[PDB]
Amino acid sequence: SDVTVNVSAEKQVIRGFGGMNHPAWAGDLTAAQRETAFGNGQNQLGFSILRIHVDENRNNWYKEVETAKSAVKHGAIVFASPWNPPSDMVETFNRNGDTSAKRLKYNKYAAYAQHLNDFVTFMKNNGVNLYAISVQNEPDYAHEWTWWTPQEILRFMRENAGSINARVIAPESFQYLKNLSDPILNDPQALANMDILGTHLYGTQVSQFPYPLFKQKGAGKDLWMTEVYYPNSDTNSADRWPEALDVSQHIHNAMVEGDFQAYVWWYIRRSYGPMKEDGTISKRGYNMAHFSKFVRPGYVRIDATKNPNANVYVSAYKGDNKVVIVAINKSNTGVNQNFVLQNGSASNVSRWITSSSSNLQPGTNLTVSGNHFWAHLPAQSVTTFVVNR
C-alpha cells in the first residue's frame, strides 16, 4: 500500500539507544569493544547511551570509570541504576510470607539519597557527568535485591529525590506496571522531582505500551525504556535469523506505541546481545544499529503509517536535515512499498539492509518523484532509508 510520512507531525524527541555495562557480573568491555559500542564508524554500533550500575559498596565504584569515560568521549550520555543500598541501610521484613525480603530502612532514606549523590560526585571527579541516576532497579520484582512498594517509592520521590544533584529516573518496573508509577504522576510534589519516567518491558504486551496518564500529567518529563532483552536470552541466539528481526520490531513498538525516547539493552556483550563474545556485532546488534546508527540524539519521531502491510512495520524520524525511515518486513515475501512525504520535499534516498545473508549493507540509491518513492522490502529484512531534504 502507501506509507504516508508526515514531516510536520512531530512526536517524541529521541535521546538515543544503547546497552548496559557491568564489569562485576559480565566483565568490563575491552578498549576495542568500547570503540565498537560507541563509535559510529563502519562495523560499529553507534550506541548513544550507556547504562552502568551504582554499586552498594563505594570501593567498587572505580571499576565503572574507563568504559564510562569512553562513552562520553564518543558523545554518549551515561546514566546509572542502583540494585541495592549499602547493606547497613537494608532490613529484612515479612513480604506476604517471604521473610528474606529486603527493603531500605524507613529511617535511611536521606542516607540513601546521599549514597546516590556520592556516586554522582564520584563519577564527576573522574570526568563523567552522569546524565541521570535511578532510584531502584525493578523494585516490583526484587526477589534477589531490594523491594519497594508504590507507597515507599512515592515517599522517597516526595521527600528525598529533590536532594539528588542529577536527573532522577523512577520507578523502573520490570514490566511497566502502571501501579508503580501512577502514585508519582498523581502527586505534584513527587512528579516535580522526577525527570525521567523509566521502565522495563519484560513480558509487556503491546497493548500495555501506551500510558494515558503519562500523556496527561507528564509534560516536560522524559520517558525511557531503561532495560530489556528480546525475544529471549537463549545461549548463542544472537545470530539466529529471522529471530533477530524481533529486536527491531520491539524497538519499533517502543518508539511507535510506547512513545519512548530511549531504548536500552541489557549487557552489551553477550551470546544473546548486540555484541558477541568475540567482539563482533550480532544479528541482534545490526537490528539495533538500524536505529542507533541513524537516529541520532536530538532527532524527533514523526508520524508515519506504522503497519501498512501484514508484517511490514514502519517508523520515521527527522533531524539534521534528514528524514530517517525504518522499514521492517517480517514476512516471507518481498513487498513493494510506496513512501509518500507530506509537508516536505526531498531528492536522494540512501539505504542499508539487513537480512539472512547481509549486515547493514548499502542498497541502490533511489530518487524522489514529486513527494514519493517506491522501494522493495526484501523478505525477512530490515531497511533504514536516509532521505535528504
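From 1 onward, residues are counted along the sequence shown.
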property	result
Stretch exceeding the other in mean C-alpha B-factor - 340-348, 48-56	340-348
Entry-level comparison of average CA B-factors, 320-328 and 58-66, reporting the higher stretch	58-66
Top Cα B factor in the deposited entry, candidates 261, 311, 249, 99	99
Top Cα B factor in the deposited entry, candidates 298, 86, 171, 203	86
Lowest, middle or highest third - CA B-factor, residue 257	lowest
Within-chain third of residue 294 by Cα B-factor, per the entry	lowest
Where the record places residue 288 (Cα B-factor, split into thirds across the chain)	lowest
Among modelled residues of the same chain, the CA temperature factor third for residue 315	lowest
Third of chain Cα B-factors occupied by residue 1	highest
